[PDB]
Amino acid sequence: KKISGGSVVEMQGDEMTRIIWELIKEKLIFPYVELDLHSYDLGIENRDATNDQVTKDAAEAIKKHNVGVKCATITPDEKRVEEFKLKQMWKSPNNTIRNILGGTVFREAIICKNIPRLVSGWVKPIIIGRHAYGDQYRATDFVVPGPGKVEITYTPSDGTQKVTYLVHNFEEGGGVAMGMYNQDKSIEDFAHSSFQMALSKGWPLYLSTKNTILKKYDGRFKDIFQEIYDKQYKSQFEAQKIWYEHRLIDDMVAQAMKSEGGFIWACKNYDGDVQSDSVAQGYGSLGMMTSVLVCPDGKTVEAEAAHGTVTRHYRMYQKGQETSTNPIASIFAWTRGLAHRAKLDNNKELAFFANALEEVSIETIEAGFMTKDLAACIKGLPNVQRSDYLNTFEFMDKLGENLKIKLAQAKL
C-alpha cells in the first residue's frame, strides 16, 4: 500500500543529477508514494528542442500546484553550445523560474554527528536567505565594441520627466557594460520572510550589503529592512531576546567565519549564491545542503539541491570509472517539497514519510555508510581508501533498504 501523495511538479535535469534523480524516484519515492506528478524534462536537449518553453511551462505548473521539485540543470556557455549543438546560449532555468515565482531561497547545511567540518566554530546552523530575484540574475550585459558612450536612462510612466546617467565614456578601445535592477515589493517580501525565519528559529538576523559603495541601490535594501523591522518586528525580537543588524558584506563574511553559527543570514541574490556554497563546504560537503525557494504568496515552494549537475563526476561515469556522487541534497529536494505538500493537504502519512526519509538519510551516514566526499571529511582526501566509502549505486542501495526497514517499523 502506497501514500496518496498529491500534486507535485517535477523538473528533470542533466548529467550526474539526472542519473541520481531517477534512482531516487525508482528506489525511494515511487515504492511508497502515489503522486499526480507533473513532469517537465528540463534537460539541455529538451530545452533546446522546445526553444526553452518547457522552463516557462514548468514555472507556471509550480504557480498552479504550489509544490515543485527541481533536478540540477546545465546553464549553457560557448562550450556547451559546441558540446550539444545548441540553437542558442539559453538562460539558466533557475534564473527563469526564480524570476517568475520570486521569493527567498533558504539554504541550510545537513549535519551528521560523525562528519567533521572544515570550519572549527560552526556548532550551530547558519541559514542563508538568498533573495531569489533581480540583480545579476535578470541583468542586461553587453560588449562595448569600441570608443563610445554608455548611458543608463530612466523615464517615468507619466512622461513628465527623464533622467540620464553617464555610465562611462570609452575614450580608447572597447570593453563591457551592464544594467541591472530590483523592485521594492520583491525586497519587501525578502525582508518580511527574512525576519519571519529569524523568529521561527529564534536566532539573530544579519543583512549584508555594500551600501558604502552602492549608496542608492544597496541603501534601498538597508532602509526597507530597517523600516519594516522598527515598524513591524522590533518588539517581537526583544520578546525572543534576538536582534536584527545590518553589516557590510566584508565584515559579515569575516564575522560568520569566526562565529559559532546560530543566525539567519539575509543575502542579496549574488551573495546568497556564492556564500551558500562557502557555508556548505565549510560544514563538510556541497552535496549536504537543503535549498528551498519560499514564494511571497506563503503557499508556493520550489525545493532543489544547491549544487550543480556534478559534470566532473559524470565524465568519469561516461569513461566507465567508479563514481561516488552525494545524492542527499537531491533527496532532501524531494523530502522538502513533499513536507510542504503534506502541510498544504493536511496529510499525516506524507509528512511522516518526508521526515522518515530525512532521518534515514542522516542515520545511514551516522552508521558509517557514505560517499567519498564524506569519507574525505573523516580521513582527509589523500588518505581515503576504496573500502572507506560506497559508490553512487551502492549508497542508494543502503538508503533504499533502510527506508524499507524504517517504514515497515512505523506500521507497528
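A residue's number is simply how far along the shown sequence it sits, counting from 1.
Asker: If you average the CA temperature factors over each stretch, which comes out higher, 228-236 or 331-339?
Answerer: Between 228-236 and 331-339, it is 228-236.
Asker: Out of 182-190 and 315-323, which stretch has the higher average CA B-factor listed in the record?
Answerer: Between 182-190 and 315-323, it is 315-323.
Asker: Tell me which of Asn95, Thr104, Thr160, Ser259 tops the list for C-alpha B factor in the record.
Answerer: Top of the list by C-alpha B-factor: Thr160.
Asker: Which third, lowest, middle or highest, does the C-alpha temperature factor of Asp271 belong to within its own chain?
Answerer: Ranked within chain, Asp271 CA B lands in the lowest tercile.
Asker: Against its chain's modelled residues, does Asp135's Cα B factor rank lowest, middle or highest third?
Answerer: Answer is lowest: the recorded C-alpha B-factor places it there.
Asker: Ranking every modelled residue in this chain by its Cα temperature factor as given in the entry, which third contains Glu245?
Answerer: For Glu245, the deposited C-alpha B-factor lands in the middle third.
Asker: How does the C-alpha B factor of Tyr165 compare with the rest of the chain: lowest, middle or highest third?
Answerer: Middle third, going by the recorded CA B-factors of the chain.
Asker: Going by the CA temperature factor in the PDB record, which third of the chain does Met16 belong to: lowest, middle or highest?
Answerer: Middle third, going by the recorded CA B-factors of the chain.
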